[PDB]
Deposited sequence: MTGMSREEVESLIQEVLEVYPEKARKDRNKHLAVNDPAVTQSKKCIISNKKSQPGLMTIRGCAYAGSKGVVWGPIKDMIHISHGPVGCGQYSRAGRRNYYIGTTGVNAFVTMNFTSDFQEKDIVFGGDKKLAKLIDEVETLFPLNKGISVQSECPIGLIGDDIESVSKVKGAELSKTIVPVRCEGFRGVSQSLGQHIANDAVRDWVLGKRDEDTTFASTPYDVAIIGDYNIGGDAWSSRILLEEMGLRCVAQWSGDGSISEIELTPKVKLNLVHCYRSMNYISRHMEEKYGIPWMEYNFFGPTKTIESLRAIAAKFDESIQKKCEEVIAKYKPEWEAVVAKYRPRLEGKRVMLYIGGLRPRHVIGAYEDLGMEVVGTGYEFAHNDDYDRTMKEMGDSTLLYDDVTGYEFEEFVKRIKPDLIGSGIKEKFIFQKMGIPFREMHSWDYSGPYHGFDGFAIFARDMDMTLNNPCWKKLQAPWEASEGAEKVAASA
């Protein structure tokens, strides 16, 4: 239908002023496109900031560390327990993920600088939460603008207390999206944490050590990945960020292979661990049977025959289980058209799982992804399907209106818009408080969930029997 799509893009864009029209035309394509620059002012971008990329996705999930949102009270509040990066711990005692530690800037701190307040905050953190294994200080916008040196404070205090204090200059004005904040967070781990055990040779490694890099355990996602990799004989030394401890991060230079799930947020440190430590890395996809199977086979191919045998045994165990899932739910979802919009991995990665339930993904797009993500997307998506980079509120509403999908999978700022339009909606960020969606057990929940929402009785009652 390629000219309908070509003509659609053009029509939506006429409501704009001129430099908006030109820029957004570059960011809308029929399956090339340009990606990752700035958002156009006043157009209701779905994108967050560099702070969200650092505190919200990379640092925040690290369990036994205290993360300090250094700045005013806002950022720490809105991001308090918003993302479901699951963990095992005793919160407030040894684990701290769902708490909000903030320096709560007042006008005296803006005017004079917040570094003496940060120094005293670090001591207070130490007397009240003795069992923390480290501290991060996540900069909000003001910090960089008023010229604070949180690095000085981190070194002097870190030395004084013999504790790891990571300064992260992830100010929301920095970059164009959450993406730069991910980069800043990876470099923050590189410079202040990862190298700590380069001298230490006392970790007893094995030929099967691996680390899950870039699985943030949304709804248990990483736990459902790990079980499969470990049943296949491999040892998961580290889980990056989701339910991760600081000592696992410190131990990741000891593994034989790094398994990158989220490429956009973790490719940076993966490239660095292959440079400095020689550790090879690979991308995998644990969304749906097809992809979890090809991934399990490809990871096993990097090792010996005993891991390839265990791989085929694991595939055999779960094969009755996912075949029952497709037998139940694929009749119920066949030929339904899905339109997607998430951030930097999921727009591409979940397609496989939808196809295993006989669904067609007719449109997908990323908030903050780069071009190397869009080169990966091309292959996964079909012909004449719609691609959209940093879609505006207006645009997404207008595309759905025309294309008329059976399911929309996006974030919370999109959810209630489409449900009012009669389109079924599933959050593809928080999983709509469900999940895990990774692995085989995750496919059963995913499939249960697309079904419960797309074939719900409520959608047939959007119109009154009188109008």
Point to revise | Stretches with no C-alpha position, numbering per deposited sequence from 1 | key: 1 to 4, 36 to 44, 481 to 492
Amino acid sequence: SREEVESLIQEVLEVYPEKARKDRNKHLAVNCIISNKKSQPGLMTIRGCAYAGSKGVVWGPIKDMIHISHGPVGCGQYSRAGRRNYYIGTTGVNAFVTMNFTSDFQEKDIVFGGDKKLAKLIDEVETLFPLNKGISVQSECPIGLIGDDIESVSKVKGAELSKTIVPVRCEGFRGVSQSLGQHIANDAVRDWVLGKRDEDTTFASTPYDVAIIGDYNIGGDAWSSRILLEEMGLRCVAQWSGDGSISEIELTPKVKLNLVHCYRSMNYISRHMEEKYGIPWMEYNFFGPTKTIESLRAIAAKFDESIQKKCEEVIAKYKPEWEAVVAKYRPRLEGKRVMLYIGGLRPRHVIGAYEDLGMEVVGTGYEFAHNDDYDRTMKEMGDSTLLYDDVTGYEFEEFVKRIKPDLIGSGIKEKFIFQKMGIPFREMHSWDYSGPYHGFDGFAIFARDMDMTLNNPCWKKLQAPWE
From here on, numbers count along this sequence of modelled residues.
Check your understanding: Looking only at CA atoms, which has the higher mean B factor in the entry: 82 to 90 or 386 to 394?
Key -> 386 to 394
Revision key, fill the gap. Comparing mean C-alpha B factor in the record for 376 to 384 and 180 to 188, the higher one is 376 to 384
Point to revise | Candidate residues 221, 140, 243, 148, the one whose C-alpha B factor the record puts highest | key: 148
Check your understanding: Between 203, 341, 284, 216, which carries the biggest CA temperature factor in the record?
Key -> 203
Revision key, fill the gap. Binned into thirds over the chain's modelled residues, the C-alpha B-factor of residue 55 lands in the middle
Practice item. For residue 36, return the chain-relative third of its C-alpha B-factor as stated in the PDB record: lowest, middle or highest. Key: highest
Practice item. Just say lowest, middle or highest third for the CA B-factor of residue 116 relative to the other modelled residues in its chain. Key: middle
Point to revise | B-factor third for the C-alpha atom of residue 198 within its chain | key: highest
Check your understanding: Which third of the chain holds residue 421 when residues are ordered by C-alpha B factor: lowest, middle or highest?
Key -> middle
